[PDB]
Ligand SMILES: COc1cc(-c2ccccc2)nc(N)n1
Ligand SMILES: *[C@@H]1O[C@H](CO)[C@@H](O)[C@H](O)[C@H]1NC(C)=O
């Protein structure tokens, strides 16, 4: 069980002005720290943020959070569930800023909501240094779905923060799970309300609404008004200096959702078949030069904090093994691969996919 700590700096808030926070379980004999970012879509204007506040409030406020939370998957402390990092210090940072962990804007008399995701990460790191993070050797910033994209947007800033506070010996790394999207053509198409708004347009509006921030090198390449590009992994990843391991289903359920694909009634005709085969090929292509990656040919969404994350294999190697091999490479390894991308072209052509 990880136990809740609300941030001591009460100016760093969730959407509704309530204090943000984190769940922590220490491991006194370890110098490894795992900070995990929760996901859960986003909202980009007053009307659709108000809708989210009615029926997804724990993603916008801490007033109802529980005092503890069970560590699952990579946040588990039992070697059987977590062969990778079971003895690490474990941190779960709830997502209550609806801004893909990018915002830096306070609630005020001209802002109904606060969007402080980027500042929430920075403040969690600050306060953890007084609880043991000052003695760490490796800080792994992990995340799933919107939290996976948030890793890509924040890993280099965390590294810069620790360097300027005087801790250059801590190695900062990233683990981005299910946050690697494509700004591709949709299967069927509409004009930008909430759902008809393609991600590129919804993110462009989000950024102005949240006062979003993106990594510096990427910001300098794309420049004013085009920062939305840095929310797409294959565009921001080449600009990053910290080592980042990428986990991505080739047929991600959230990617199909934004593409207006619904697999139902099961009779796939030629146009949809070619669309789905082309999406898998495109995702494979963006990963060819990512040396640390795990990309199975499955229709699913998220993996690393799920209890049975040990079951899926690519070319005979599990995800927890691939992550251990990555640890060893950061000291090519015989029988310990780090780049694992399926080549078969249809969902579930890998027999180990989640059912
Ligand atoms: C779970 O919902 C989402 C949506 C998006 C996203 C949408 C448009 C552009 C870039 C990213 N990203 C993540 N990581 N999660
Ligand atoms: C509290 O957080 C705000 C916003 O990030 C920051 O401006 C301020 O310096 C912080 N105060 C302390 C004491 O860390």
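Residue numbers (the authors' numbering): 88 to 279, 281 to 419, 428 to 451.
Beta carbons: idealized from backbone N, C-alpha and C, even for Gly.
Query - Nearest to residue 172 (by Cα), restricted to the options 245, 226, 213 - result: Here residue 172 is taken as the residue at index 85 of the chain shown, counted from 1. Ranked by Cα distance from residue 172, the first of 245, 226, 213 is 226.
Requested in this report: Output yes or no for whether 9 Å exceeds the beta carbon distance between residue 223 and residue 180.
Outcome: Position 136 of the chain shown holds residue 223. Position 93 of the chain shown holds residue 180. No; because the gap between Cβ atoms is not below 9 Å, this pair is not in contact.
Query - residue 412, DSSP secondary structure in three states - result: Indexing the chain shown from 1 puts residue 412 at position 324. DSSP places residue 412 in helix when its eight states are reduced to three.
Report task. Thinking residue 238 and residue 124 are a contact (beta carbons under 8 Å), I'd like their distance in whole angstroms, please. Result -> Looking up residue 238 in the chain shown gives position 151. Looking up residue 124 in the chain shown gives position 37. About 6 Å; that satisfies the 8 Å criterion.
Query raised in the report: CA-CA distance, residue 442 and residue 117?
Result: Residue numbering aside, residue 442 sits at position 346 when the chain shown is read from its first letter. Residue numbering aside, residue 117 sits at position 30 when the chain shown is read from its first letter. Whole-angstrom Cα-Cα distance: 42 Å.
**Report entry** Bridge-paired residues (DSSP) for residue 106
**Finding:** On the chain shown, residue 106 is found 19 positions in, with the first residue counted as 1. Per DSSP, 100.
Requested in this report: List the endpoints of the continuous beta strand (DSSP E) containing residue 232.
Outcome: Residue mapping note: residue 232 aligns to position 145 of the chain shown, counting from 1. Here residue 232 belongs to no beta strand (DSSP E), and DSSP marks it neither H nor E.
Requested in this report: Work out the CA separation of residue 167 and residue 299 for me, nearest whole Å.
Outcome: One-based indexing of the chain shown puts residue 299 at position 211. One-based indexing of the chain shown puts residue 167 at position 80. Taking the straight line joining both Cα atoms gives about 43 Å.
**Report entry** Opening and closing residue of the alpha helix (DSSP H) in which residue 310 lies
**Finding:** The residue given as residue 310 occupies position 222 in the chain shown. Counting along the chain, the alpha helix (DSSP H) containing residue 310 begins and ends at 304-310.
Query raised in the report: When DSSP labels each residue in this structure, what does residue 198 get in the three-state scheme?
Result: For the purposes of this step, residue 198 is identified with residue 111 of the chain shown, where counting begins at 1. Strand.
Query - residue 75 (DSSP reduced to helix, strand or coil) - result: Since the first residue shown for the chain is 88 and the last is 451, residue 75 is missing from the structure and cannot be characterised.
Report task. Note the first and the last residue of the continuous beta strand (DSSP E) segment covering residue 176. Result -> Taking the first residue of the chain shown as 1, we reach residue 176 at position 89. It spans 176-180 - the beta strand (DSSP E) in which residue 176 sits, taken as one unbroken run.
Query - Range covered by the beta strand (DSSP E) that runs through residue 335 - result: Numbered from its first residue, the chain shown carries residue 335 at position 247. Run containing residue 335: 332-335, per the beta strand (DSSP E) assignment.
Query - Start and end residues, beta strand (DSSP E) containing residue 437 - result: If you number the chain shown from 1, residue 437 lands on position 341. Start and end: 435-437.
Query - Start-to-end residues for the beta strand (DSSP E) that takes in residue 383 - result: Translated into positions along the chain shown, residue 383 becomes position 295. Note, residue 383: beta strand (DSSP E), 381-383.
Query raised in the report: Based on the DSSP output, what are the partners of residue 301 in its beta bridges?
Result: The sequence position of residue 301 within the chain shown is 213, counting from 1. According to DSSP, residue 301 bridges with nothing at all.
Report task. Give me the Cβ distance between residue 136 and residue 200, rounded to the nearest whole Å; I'm assuming they're in contact under 8 Å. Result -> Reading the chain shown from its first residue, position 49 is the one you call residue 136. Reading the chain shown from its first residue, position 113 is the one you call residue 200. Taking the Cβ atoms as the reference, residue 136 lies roughly 6 Å from residue 200, within the contact range of under 8 Å.
Report task. Kindly confirm or deny that the segment 288-302 and the segment 317-333 touch, where touching means at least three C-beta pairs closer than 8 Å. Result -> The segment 288-302 is in contact with the segment 317-333.
Query - With 16 other Cβ atoms within 10 Å as the buried cut-off, status of residue 210 - result: Here residue 210 refers to the residue found at position 123 when the chain shown is read from its first residue. When all chains shown are included, residue 210 counts as buried.
Query raised in the report: At which residues does the beta strand (DSSP E) containing residue 218 begin and terminate?
Result: Start at 1 with the first residue of the chain shown, and residue 218 comes out as number 131. From DSSP, residue 218 is part of no beta strand (DSSP E); its letter is neither H nor E.
Query - Cβ-Cβ distance between residue 338 and residue 372 below 9 Å - result: Residue numbering aside, residue 338 sits at position 250 when the chain shown is read from its first letter. Residue numbering aside, residue 372 sits at position 284 when the chain shown is read from its first letter. Contact: yes.
Query raised in the report: Roughly how many angstroms separate the alpha carbons of residue 246 and residue 333, rounded to a whole number?
Result: In the chain shown, the residue the question calls residue 246 occupies position 159. In the chain shown, the residue the question calls residue 333 occupies position 245. Within the model, the alpha-carbon separation for residue 246 versus residue 333 is close to 16 Å.
Query raised in the report: Any idea which residues DSSP pairs residue 430 with across the strands?
Result: As a first step, residue 430 must be located in the chain shown, where it is residue number 334. The partner list for residue 430 (beta bridge, DSSP) is empty, contrary to what the question assumes.
Report task. Would you check if the distance between the CB atom of residue 270 and the CB atom of residue 310 is smaller than 9 Å? Result -> As a position in the chain shown, residue 270 is number 183, starting the count at 1. As a position in the chain shown, residue 310 is number 222, starting the count at 1. The beta carbons of residue 270 and residue 310 sit no closer together than 9 Å.
Query raised in the report: Any idea what DSSP makes of residue 159, helix, strand or coil?
Result: For the purposes of this step, residue 159 is identified with residue 72 of the chain shown, where counting begins at 1. In the three-state reduction of the DSSP assignment, residue 159 falls in the coil class, being assigned neither a helical nor a strand state.
Query raised in the report: Got a sec, what are the start and stop residues for the beta strand (DSSP E) residue 362 sits in?
Result: Sequence index remark: in the chain shown, residue 362 carries index 274 (1-based). It is not in any beta strand (DSSP E) - residue 362 instead sits in the alpha helix (DSSP H) that spans 358-375.
Query raised in the report: Roughly how far, in whole angstroms, is the beta-carbon of residue 433 from the beta-carbon of residue 413, given that I think they are within contact range, below 8 Å?
Result: Mapped onto the chain shown, residue 433 falls at position 337. Mapped onto the chain shown, residue 413 falls at position 325. Under the criterion of beta carbons closer than 8 Å, residue 433 and residue 413 qualify as touching, at roughly 6 Å.
Report task. May I ask you to list the residues that DSSP assigns as paired with residue 119? Result -> Walking along the chain shown from the start, residue 119 turns up at place 32. BP columns for residue 119 point to 225.
Query - Cβ separation of residue 120 and residue 252, assumed to be a contact under 8 Å, to the nearest whole Å - result: In the chain shown, residue 120 corresponds to position 33, counting from 1. In the chain shown, residue 252 corresponds to position 165, counting from 1. Rounded, the Cβ-Cβ distance is 15 Å, inconsistent with contact.
Report task. For my contact list, residue 90 and residue 155 are in at a C-beta cut-off of 8 Å; report their separation, rounded to the angstrom. Result -> Your numbering for residue 90 matches position 3 in the chain shown. Your numbering for residue 155 matches position 68 in the chain shown. That belief holds up - the Cβ atoms of residue 90 and residue 155 are roughly 5 Å apart, short of 8 Å.
Query raised in the report: Could you give the C-beta distance for residue 368 and residue 385, rounded to a whole number, given that I count them as a contact under 8 Å?
Result: Here residue 368 refers to the residue found at position 280 of the chain shown. Here residue 385 refers to the residue found at position 297 of the chain shown. The Cβ separation is near 7 Å, so the contact holds.
Requested in this report: Give the range of the alpha helix (DSSP H) segment to which residue 344 is assigned.
Outcome: Locating residue 344 in the chain shown gives position 256, where the first residue counts as 1. Residue 344 -> alpha helix (DSSP H) spans 341-346.
Query raised in the report: Is residue 303 near ligand 1, with its Cβ less than 8 Å from a heavy atom?
Result: As a first step, residue 303 is located in the chain shown; it is residue number 215 there, counting from the start. No, ligand 1 has no heavy atom inside 8 Å of this Cβ.
Query - Straight-line Cα distance separating residue 346 from residue 287 - result: Looking up residue 287 in the chain shown gives position 199. Looking up residue 346 in the chain shown gives position 258. Residue 287 and residue 346 have their C-alpha atoms some 7 Å from each other.
**Report entry** Neighbourhood of residue 132 by C-beta distance below 8 Å, restricted to the same chain and skipping five residues each side
**Finding:** The sequence position of residue 132 within the chain shown is 45, counting from 1. Answer for residue 132: 293, 297, listed in chain order.
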